[PDB]
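Form deposited in one PDB entry, single chain, as structure tokens, below.
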């Protein structure tokens, strides 16, 4: 497959070119917030982002080489991690705030509008702060986002009878290629050999926190749907079902 024959520079270029757009919220800024209305804005936005994500996924080198079944599994597993890493990236330049959309920039006190949400806001903001502390670069961001896509559900490919871990060599080869790409990016930026492995680990450990936030966010979203606070799109309902 071509994805394996891409140079590191080619990988980066492909990922950068695949990036989804930053969408706007429907927020009417002359109107107030309620718990219901804020959850409505956030889930309306997420629904629209999901469509763009699915089409981004197809442009991640190696993803189309997978079966449709595997493609579904990976996205079902990682969708909220992917939305969340994007959010944290967008919010880097806005300390103490989350840039859900250019017309929906919320501080943690606005998170208190929704019961249980400020806890999620705080974790997202802490990650945004880590991104700043690390001076995370766009080329690194796109690598990490593709890693989430390919990695998050790779350990839950279980055989139909026996439920033994299926070997997914191709996915791991592509993951190895993205590792190669990250190292190349860091070397290009003048990081020493030692700094390269140190930063590689710092970046990958972020993904543990992102998983944590995804899990907590999923439970919170599920609570909102189970209390009839907001109606979720059929797509979002199905992405939630895949997990509560």
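Here the rigid core means the biggest group of C-alpha atoms that line up within 1.5 Å when the two forms are laid on top of each other. Residue numbers count along the first chain shown, from 1. Only residues modelled in both forms are compared.
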* Asked: Does a third or more of the other compared entries skip modelling residue 163?
  -> yes
* Asked: Taking the other compared entries of this protein, do a third or more of them lack coordinates for residue 29?
  -> yes
* To do: Check the entry and tell me how many residues of the deposited sequence have no coordinates between residue 243 and residue 244: none, 1 to 3, 4 to 9, or 10 or more.
  => 1 to 3
* **Per the entry, higher mean C-alpha B factor between 162-170 and 145-153** => 162-170
* To do: Select between 109-117 and 78-86 the stretch whose C-alpha atoms have the higher average B-factor in the entry.
  => 109-117
* Out of 188, 209, 197, 216, highest CA B-factor residue -> 188
* Asked: Lowest, middle or highest third of the chain for the C-alpha temperature factor of residue 234?
  -> lowest
* To do: Sorting the chain's modelled residues by C-alpha B-factor, tell me whether residue 104 ends up in the lowest, middle or highest third.
  => middle
* Grab the CA temperature factor for residue 34 from the record and place it in the lowest, middle or highest third of its chain. => middle
* Asked: Where does residue 203 sit by CA temperature factor within its chain: lowest, middle or highest third?
  -> lowest
* **Ranked against its chain, the third holding the CA B-factor of residue 58** => middle
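Omitted here: the form deposited in another entry. The next part is about that form.
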* Asked: residue 18: with the rigid core matched between this form and the one not shown, does its Cα shift 2 Å or more?
  -> no
* To do: Superpose on the rigid core, then tell me if the C-alpha of residue 32 is displaced by 2 angstroms or more between this form and the one not shown.
  => yes
* Large Cα shift (2 Å or above) at residue 224 between this form and the one not shown, core-fitted -> yes
* Based on a C-alpha change of 3 angstroms or more, tell me if residue 225 and residue 50 lie closer or farther in the other form than in the shown form. => farther
* **Closer or farther: C-alpha pair residue 225/residue 47 in the other form, relative to this form, given a change of 3 Å or more** => farther
* Structure fact -> Flagged movers between this form and the one not shown, rigid core as reference, every CA at 2 Å or more, runs of three or more, listed in order as 30-33, 223-227
